[PDB]
């Protein structure tokens, strides 16, 4: 993934746990060489999976829980580190934002040539609920999606209950979530 993703992980870990901790995860993940992540450069995805794996081992939390915290954090990180207006433009409520998410990432991708964005399709089941289809070239990120959705609930002051009902990891076509909001 692009370096910004790995910077955001470093940032969350640094700020929640301090540098020493960050350095220990970084060392563990096999990454002590790298002096700093370059935000607009492409990195092999293993970099990210190794960080989360190392953070899990070093912090004594499951991987899923780090990916959940990271997803939530990302909503704050993008808004504060150069993408605040882009976020704002993608809408004003949870239901709208999720409909715009493919278009948001298409705009990201204008600037990040090599982006491999997720794809999100909403089927609204009521004015307060939907079924969300999450399609990705990557494996293993559903818990980051749950995190992101809660981050978005906070951003819109909207309570969000989310349950995953299909699992790309067991060989289903893709992840699917039922969501109720406000």
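Numbering follows the first chain given and starts at 1.
J.: Of the two stretches 18-26 and 167-175, which shows the higher Cα B-factor on average in the entry?
T.: That would be 18-26.
J.: For the stretches 93-101 and 106-114, which has the higher mean C-alpha B-factor as given in the deposited record?
T.: So the stretch with the higher mean C-alpha B-factor is 106-114.
J.: So among 69, 141, 31, 40, who wins on Cα B-factor in the entry?
T.: Result of the comparison over 69, 141, 31, 40: 31.
J.: If you rank the chain by CA B-factor, which third does residue 53 end up in: lowest, middle or highest?
T.: Highest third of the chain for residue 53's C-alpha B-factor.
J.: Ordered by C-alpha B-factor within the chain, which third holds residue 126? Give me lowest, middle or highest, please.
T.: As the PDB entry reports it, the C-alpha B-factor of residue 126 lands in the highest third of its chain.
J.: Among the modelled residues of its chain, does the C-alpha B-factor of residue 61 lie in the lowest, middle or highest third?
T.: Highest third, going by the recorded CA B-factors of the chain.
J.: According to the PDB entry, is the CA B factor of residue 13 in the bottom, middle or top third of its chain, that is, lowest, middle or highest?
T.: Within its chain, residue 13 is a highest-third residue by C-alpha B-factor, going by the deposited values.
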